[PDB]
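Colleague: Sharing query_11.cif here; it has mmCIF, C-alpha atoms and all ligand atoms.
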```cif
data_model
loop_
_atom_site.label_atom_id
_atom_site.label_comp_id
_atom_site.auth_asym_id
_atom_site.auth_seq_id
_atom_site.Cartn_x
_atom_site.Cartn_y
_atom_site.Cartn_z
CA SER A 5 2.05 -5.01 17.13
CA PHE A 6 4.46 -3.10 14.69
CA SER A 7 8.16 -3.07 15.63
CA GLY A 8 11.36 -1.47 14.35
CA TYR A 9 9.64 1.44 12.61
CA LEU A 10 11.12 4.90 12.32
CA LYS A 11 8.50 7.57 13.19
CA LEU A 12 8.27 10.18 10.40
CA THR A 13 5.26 12.16 11.63
CA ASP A 14 2.48 11.88 14.27
CA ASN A 15 0.84 9.11 12.18
CA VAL A 16 3.34 7.90 9.57
CA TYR A 17 5.96 5.23 10.33
CA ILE A 18 8.52 3.62 8.00
CA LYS A 19 10.62 0.41 8.02
CA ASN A 20 12.94 -1.34 5.57
CA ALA A 21 11.00 -4.57 5.32
CA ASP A 22 9.37 -7.02 2.97
CA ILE A 23 5.64 -6.24 3.33
CA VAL A 24 4.79 -9.98 2.96
CA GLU A 25 7.12 -10.90 5.83
CA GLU A 26 5.84 -7.93 7.79
CA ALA A 27 2.19 -8.97 7.23
CA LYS A 28 2.85 -12.63 8.20
CA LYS A 29 4.55 -11.37 11.42
CA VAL A 30 2.08 -8.66 12.56
CA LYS A 31 -1.09 -10.10 10.95
CA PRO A 32 -2.41 -6.49 10.81
CA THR A 33 -6.08 -5.56 10.52
CA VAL A 34 -5.32 -4.08 7.08
CA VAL A 35 -2.55 -4.73 4.63
CA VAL A 36 -2.58 -2.42 1.58
CA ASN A 37 -1.95 -3.91 -1.81
CA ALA A 38 -0.45 -1.86 -4.67
CA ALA A 39 -3.23 -2.94 -6.97
CA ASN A 40 -4.12 -2.22 -10.61
CA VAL A 41 -7.73 -1.57 -11.79
CA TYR A 42 -8.13 -5.18 -12.91
CA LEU A 43 -6.81 -6.65 -9.63
CA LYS A 44 -4.30 -8.65 -11.71
CA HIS A 45 -1.62 -9.30 -9.07
CA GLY A 46 1.22 -10.12 -11.42
CA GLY A 47 4.26 -8.29 -10.14
CA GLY A 48 5.69 -5.90 -7.57
CA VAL A 49 3.91 -5.77 -4.20
CA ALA A 50 0.71 -7.30 -5.70
CA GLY A 51 2.49 -10.31 -7.15
CA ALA A 52 4.33 -10.86 -3.88
CA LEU A 53 1.21 -10.56 -1.67
CA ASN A 54 -0.77 -12.79 -4.03
CA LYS A 55 2.01 -15.44 -4.11
CA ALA A 56 2.04 -15.44 -0.26
CA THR A 57 -1.70 -16.28 -0.30
CA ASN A 58 -1.05 -19.28 -2.66
CA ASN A 59 -3.07 -17.38 -5.34
CA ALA A 60 -6.19 -17.15 -3.10
CA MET A 61 -6.01 -13.35 -3.39
CA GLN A 62 -6.14 -13.63 -7.22
CA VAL A 63 -9.06 -16.10 -7.17
CA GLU A 64 -11.00 -13.81 -4.83
CA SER A 65 -10.04 -10.76 -6.92
CA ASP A 66 -11.19 -12.33 -10.20
CA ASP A 67 -14.62 -13.03 -8.65
CA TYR A 68 -14.71 -9.39 -7.38
CA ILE A 69 -13.90 -8.08 -10.91
CA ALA A 70 -16.43 -10.44 -12.55
CA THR A 71 -19.14 -9.01 -10.27
CA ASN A 72 -18.12 -5.34 -10.03
CA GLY A 73 -15.92 -4.49 -12.99
CA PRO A 74 -12.58 -2.74 -12.66
CA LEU A 75 -11.63 -0.26 -9.97
CA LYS A 76 -10.90 3.37 -10.82
CA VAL A 77 -7.30 4.65 -10.72
CA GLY A 78 -7.18 6.31 -7.28
CA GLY A 79 -9.86 3.94 -5.99
CA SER A 80 -9.86 0.92 -3.73
CA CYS A 81 -11.74 -2.07 -2.53
CA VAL A 82 -11.61 -4.09 0.69
CA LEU A 83 -11.16 -7.81 0.24
CA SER A 84 -9.90 -10.63 2.53
CA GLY A 85 -6.41 -10.42 3.92
CA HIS A 86 -6.15 -14.23 3.64
CA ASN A 87 -3.16 -15.52 5.71
CA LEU A 88 -1.57 -12.04 5.74
CA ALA A 89 -4.04 -9.74 7.42
CA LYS A 90 -7.75 -9.49 8.44
CA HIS A 91 -8.38 -7.41 5.28
CA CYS A 92 -6.52 -6.37 2.19
CA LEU A 93 -7.22 -2.83 1.03
CA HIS A 94 -6.45 -2.98 -2.72
CA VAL A 95 -5.55 0.58 -3.65
CA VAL A 96 -4.88 1.68 -7.23
CA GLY A 97 -2.24 4.36 -7.42
CA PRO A 98 -1.55 5.92 -10.87
CA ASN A 99 0.91 3.92 -12.96
CA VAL A 100 3.23 6.53 -14.49
CA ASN A 101 4.48 3.72 -16.84
CA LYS A 102 0.91 3.66 -18.36
CA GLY A 103 0.75 7.53 -18.62
CA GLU A 104 -1.72 7.83 -15.68
CA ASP A 105 -2.17 11.19 -13.92
CA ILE A 106 0.26 11.44 -10.95
CA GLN A 107 -2.35 13.85 -9.34
CA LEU A 108 -4.49 10.69 -8.64
CA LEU A 109 -1.84 9.59 -6.08
CA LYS A 110 -3.46 11.89 -3.49
CA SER A 111 -6.88 10.31 -4.23
CA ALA A 112 -5.30 6.88 -3.89
CA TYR A 113 -3.85 7.73 -0.43
CA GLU A 114 -7.22 9.14 0.70
CA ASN A 115 -8.50 5.54 0.75
CA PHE A 116 -6.17 4.90 3.74
CA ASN A 117 -8.20 7.40 5.83
CA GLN A 118 -11.06 4.89 6.06
CA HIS A 119 -8.89 2.57 8.23
CA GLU A 120 -7.53 3.36 11.70
CA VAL A 121 -4.27 1.52 11.12
CA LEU A 122 -2.66 0.02 8.03
CA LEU A 123 0.47 -1.80 6.91
CA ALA A 124 1.23 -0.38 3.43
CA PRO A 125 3.68 0.06 0.61
CA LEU A 126 4.42 3.48 -0.98
CA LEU A 127 1.71 3.89 -3.60
CA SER A 128 2.77 4.24 -7.25
CA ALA A 129 6.41 3.45 -6.26
CA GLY A 130 8.41 0.54 -7.78
CA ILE A 131 7.03 -0.84 -11.01
CA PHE A 132 4.29 1.86 -10.98
CA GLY A 133 6.99 4.35 -12.01
CA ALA A 134 6.42 7.30 -9.69
CA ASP A 135 9.15 8.93 -7.60
CA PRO A 136 9.00 7.22 -4.16
CA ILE A 137 10.14 10.45 -2.45
CA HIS A 138 7.06 12.19 -3.94
CA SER A 139 4.86 9.21 -2.89
CA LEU A 140 6.06 9.49 0.73
CA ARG A 141 5.39 13.25 0.70
CA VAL A 142 1.83 12.72 -0.60
CA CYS A 143 1.35 9.95 1.99
CA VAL A 144 2.39 12.16 4.92
CA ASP A 145 0.30 15.09 3.60
CA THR A 146 -2.83 13.00 2.87
CA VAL A 147 -3.09 10.11 5.32
CA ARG A 148 -4.32 11.04 8.80
CA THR A 149 -4.72 7.49 10.13
CA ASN A 150 -1.78 5.35 11.40
CA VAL A 151 0.21 4.08 8.42
CA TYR A 152 3.16 1.70 8.76
CA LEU A 153 5.09 1.85 5.53
CA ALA A 154 7.20 -1.14 4.48
CA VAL A 155 9.94 -0.21 1.95
CA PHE A 156 11.49 -3.33 0.47
CA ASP A 157 14.60 -1.74 -1.01
CA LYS A 158 17.24 -0.81 1.73
CA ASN A 159 18.91 1.77 -0.52
CA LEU A 160 15.54 3.40 -1.26
CA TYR A 161 14.59 3.25 2.46
CA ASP A 162 17.82 5.12 3.36
CA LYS A 163 17.24 7.71 0.63
CA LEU A 164 13.60 8.23 1.80
CA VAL A 165 14.59 8.72 5.46
CA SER A 166 17.65 10.91 4.75
CA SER A 167 15.67 13.17 2.41
CA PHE A 168 12.45 13.36 4.48
CA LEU A 169 11.58 16.92 5.20
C1 LIG A 201 -11.01 8.84 13.74
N1 LIG A 201 -10.51 8.64 12.39
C2 LIG A 201 -10.32 7.24 12.02
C3 LIG A 201 -11.49 6.61 11.29
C4 LIG A 201 -12.43 5.81 12.20
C5 LIG A 201 -12.87 4.64 11.35
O1 LIG A 201 -12.28 4.81 10.06
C6 LIG A 201 -11.09 5.55 10.29
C7 LIG A 201 -10.18 9.68 11.55
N2 LIG A 201 -9.56 9.34 10.40
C8 LIG A 201 -9.21 10.35 9.60
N3 LIG A 201 -9.38 11.65 9.81
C9 LIG A 201 -9.98 11.97 10.95
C10 LIG A 201 -10.43 11.02 11.85
CL1 LIG A 201 -11.28 11.51 13.28
#
```
Show how you would write the structure in this file as structure tokens.

Modeller:
Amino acid sequence: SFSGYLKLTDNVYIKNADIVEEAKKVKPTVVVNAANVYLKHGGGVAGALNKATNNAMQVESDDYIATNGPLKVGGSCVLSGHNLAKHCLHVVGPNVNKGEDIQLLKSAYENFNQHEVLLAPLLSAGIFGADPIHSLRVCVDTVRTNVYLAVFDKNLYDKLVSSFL
């Protein structure tokens, strides 16, 4: 199971780790992807998870979009976890860099409540432009299921832990 995590709350855990390396090690039931509405896994966590699947995540995602159309910002879909996990929960947090409503971050985290345990990144953090400290706060105040957060950046991980209220 999950190792080396710092416990933040009853159900939220955090580790300075590469979520791809973490997923290949734990092979969790659910890995969360920091998805966009089109499931175009170009960069950030999505590009990294997709590259670890040898593009199989993108091929599967393009078929999902062809059938269903785009996701909503704040929405999600469950697809295969490929070689990383049993499932991948593709969750769309608001992209502040595209002017999306930061209030949708709580809706985005609510998707985690449908899964007993998840390996996840901080939604809307990184290239999505939101403040990761705010993302962690919304995560702890929204998610009730067991969430193991992987924060790639060591300096950000230290800032998140040291400032966690
Ligand atoms: C028991 N679970 C986990 C569910 C069970 C299957 O999907 C996740 C809960 N999750 C959130 N809030 C309350 C409860 Cl009781």

Colleague: Which residues, written as a PyMOL selection string, have at least one atom at most 7 Å from region 92-94 of chain A, with only C-alpha atoms counted and residues fewer than 4 positions away on the same chain left out?

Modeller: chain A and resi 34-39+80-85

Colleague: Any chance you could export the current selection's C-alpha atoms as a compact mmCIF listing (two decimals), in the frame of the given file?

Modeller:
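Output (part.txt):
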```txt
# COMPACT_ATOMS: atom_id res chain seq x y z
CA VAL A 34 -5.32 -4.08 7.08
CA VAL A 35 -2.55 -4.73 4.63
CA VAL A 36 -2.58 -2.42 1.58
CA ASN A 37 -1.95 -3.91 -1.81
CA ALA A 38 -0.45 -1.86 -4.67
CA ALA A 39 -3.23 -2.94 -6.97
CA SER A 80 -9.86 0.92 -3.73
CA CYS A 81 -11.74 -2.07 -2.53
CA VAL A 82 -11.61 -4.09 0.69
CA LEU A 83 -11.16 -7.81 0.24
CA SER A 84 -9.90 -10.63 2.53
CA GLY A 85 -6.41 -10.42 3.92
```

Colleague: Tell me which of A:11, A:66, A:124, A:102 sits closest to residue 53 (chain A), counting only C-alpha atoms.

Modeller: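 Among the listed residues, the smallest separation from residue 53 (chain A) belongs to A:124.
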
Colleague: For the contact check between chain A and ligand LIG 201 (chain A), emit one row per residue of chain A within 9 Å, containing the shortest atom pair and the distance in Å rounded to one decimal, counting only C-alpha atoms and all ligand atoms, chain then rising number order, as a tab-separated table.

Modeller:
```
residue	atom	partner	partner_atom	distance
A:116	CA	A:LIG201	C6	8.2
A:117	CA	A:LIG201	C8	4.9
A:118	CA	A:LIG201	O1	4.2
A:119	CA	A:LIG201	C6	4.2
A:120	CA	A:LIG201	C6	4.4
A:121	CA	A:LIG201	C6	8.0
A:147	CA	A:LIG201	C8	7.5
A:148	CA	A:LIG201	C8	5.0
A:149	CA	A:LIG201	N2	5.2
A:150	CA	A:LIG201	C2	8.8
```

Colleague: Quick one, how far is CA of residue 158 (chain A) from CA of residue 87 (chain A)?

Modeller: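 Separation between CA of residue 158 (chain A) and CA of residue 87 (chain A): 25.5 Å.
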
Colleague: What is the CA of residue 77 (chain A)-CA of residue 169 (chain A) distance in Å, reported with one decimal?

Modeller: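 Separating CA of residue 77 (chain A) from CA of residue 169 (chain A) is a distance of 27.6 Å.
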
Colleague: Just how far from CA of residue 42 (chain A) is CA of residue 74 (chain A), in Å to one decimal?

Modeller: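 A separation of 5.1 Å between them.
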
Colleague: Using all atoms listed in the file, find the one residue out of A:125, A:46, A:130, A:32 that sits nearest to residue 153 (chain A).

Modeller: A:125

Colleague: Would you list the contacts of residue 65 (chain A) as a list in words, taking every protein, DNA or RNA residue within 7 Å and counting all atoms listed in the file, but skipping same-chain residues closer than 4 positions in sequence?

Modeller: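 Counting all atoms listed in the file, the residues come to residues 43, 61 and 69 of chain A.
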
Colleague: Please produce a file of the residues just selected, as an mmCIF file, in the coordinates of the input, where the atoms kept are C-alpha atoms.

Modeller:
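Final output, selection-v3.cif:
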```cif
data_model
loop_
_atom_site.group_PDB
_atom_site.id
_atom_site.type_symbol
_atom_site.label_atom_id
_atom_site.label_comp_id
_atom_site.auth_asym_id
_atom_site.auth_seq_id
_atom_site.Cartn_x
_atom_site.Cartn_y
_atom_site.Cartn_z
ATOM 1 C CA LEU A 43 -6.810 -6.650 -9.630
ATOM 2 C CA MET A 61 -6.010 -13.350 -3.390
ATOM 3 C CA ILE A 69 -13.900 -8.080 -10.910
#
```

Colleague: Axis-aligned box over every listed atom of region 62-76 of chain A, padded by 6 Å per side: centre and edges in Å to one decimal, as JSON?

Modeller:
```
{"center_x": -12.6, "center_y": -6.4, "center_z": -8.9, "size_x": 25.0, "size_y": 31.5, "size_z": 20.2}
```

Colleague: List as a PyMOL selection string the protein and nucleic acid residues near residue 88 (chain A), meaning an atom at most 6 Å away when only C-alpha atoms are counted, but skip any in the same chain fewer than 5 places from it.

Modeller: chain A and resi 27-28+31

Colleague: Point out the residue among A:13, A:133, A:162, A:156 with the least atom-to-atom distance to residue 52 (chain A), counting all atoms listed in the file.

Modeller: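 For residue 52 (chain A), the nearest of the given residues is A:156.
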
Colleague: Between A:132, A:24, A:115, A:15, which one has atoms that come closest to residue 55 (chain A), using all atoms listed in the file?

Modeller: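 Smallest separation from residue 55 (chain A) among the options: A:24.
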
Colleague: Within 10 Å of (5.7, 6.0, -9.5) (coordinates as in the file), grab all the protein and nucleic acid residues, counting all atoms listed in the file, and write them out as a PDB file with C-alpha atoms, keeping the file's coordinate frame.

Modeller:
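Output (result27.pdb):
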```pdb
ATOM      1  CA  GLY A  97      -2.240   4.360  -7.420  1.00  0.00           C
ATOM      2  CA  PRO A  98      -1.550   5.920 -10.870  1.00  0.00           C
ATOM      3  CA  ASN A  99       0.910   3.920 -12.960  1.00  0.00           C
ATOM      4  CA  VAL A 100       3.230   6.530 -14.490  1.00  0.00           C
ATOM      5  CA  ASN A 101       4.480   3.720 -16.840  1.00  0.00           C
ATOM      6  CA  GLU A 104      -1.720   7.830 -15.680  1.00  0.00           C
ATOM      7  CA  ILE A 106       0.260  11.440 -10.950  1.00  0.00           C
ATOM      8  CA  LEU A 109      -1.840   9.590  -6.080  1.00  0.00           C
ATOM      9  CA  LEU A 126       4.420   3.480  -0.980  1.00  0.00           C
ATOM     10  CA  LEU A 127       1.710   3.890  -3.600  1.00  0.00           C
ATOM     11  CA  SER A 128       2.770   4.240  -7.250  1.00  0.00           C
ATOM     12  CA  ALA A 129       6.410   3.450  -6.260  1.00  0.00           C
ATOM     13  CA  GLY A 130       8.410   0.540  -7.780  1.00  0.00           C
ATOM     14  CA  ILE A 131       7.030  -0.840 -11.010  1.00  0.00           C
ATOM     15  CA  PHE A 132       4.290   1.860 -10.980  1.00  0.00           C
ATOM     16  CA  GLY A 133       6.990   4.350 -12.010  1.00  0.00           C
ATOM     17  CA  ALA A 134       6.420   7.300  -9.690  1.00  0.00           C
ATOM     18  CA  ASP A 135       9.150   8.930  -7.600  1.00  0.00           C
ATOM     19  CA  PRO A 136       9.000   7.220  -4.160  1.00  0.00           C
ATOM     20  CA  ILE A 137      10.140  10.450  -2.450  1.00  0.00           C
ATOM     21  CA  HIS A 138       7.060  12.190  -3.940  1.00  0.00           C
ATOM     22  CA  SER A 139       4.860   9.210  -2.890  1.00  0.00           C
TER      23      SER A 139
END
```

Colleague: Dump as a VMD selection string all residues having an atom at most 9 Å from (-6.3, 10.1, -3.7), computed in the file's coordinates with all atoms listed in the file.

Modeller: chain A and resid 77 to 79 97 107 to 115 146

Colleague: Nearest to residue 167 (chain A): which of A:44, A:145, A:72, A:12 is it, counting all atoms listed in the file?

Modeller: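 Ranked by minimum distance to residue 167 (chain A), first place goes to A:12.
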
Colleague: So, counting all atoms listed in the file, which residue among A:21, A:6, A:96, A:142 is closest to residue 45 (chain A)?

Modeller: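 Of A:21, A:6, A:96, A:142, the one nearest residue 45 (chain A), counting all atoms listed in the file, is A:96.
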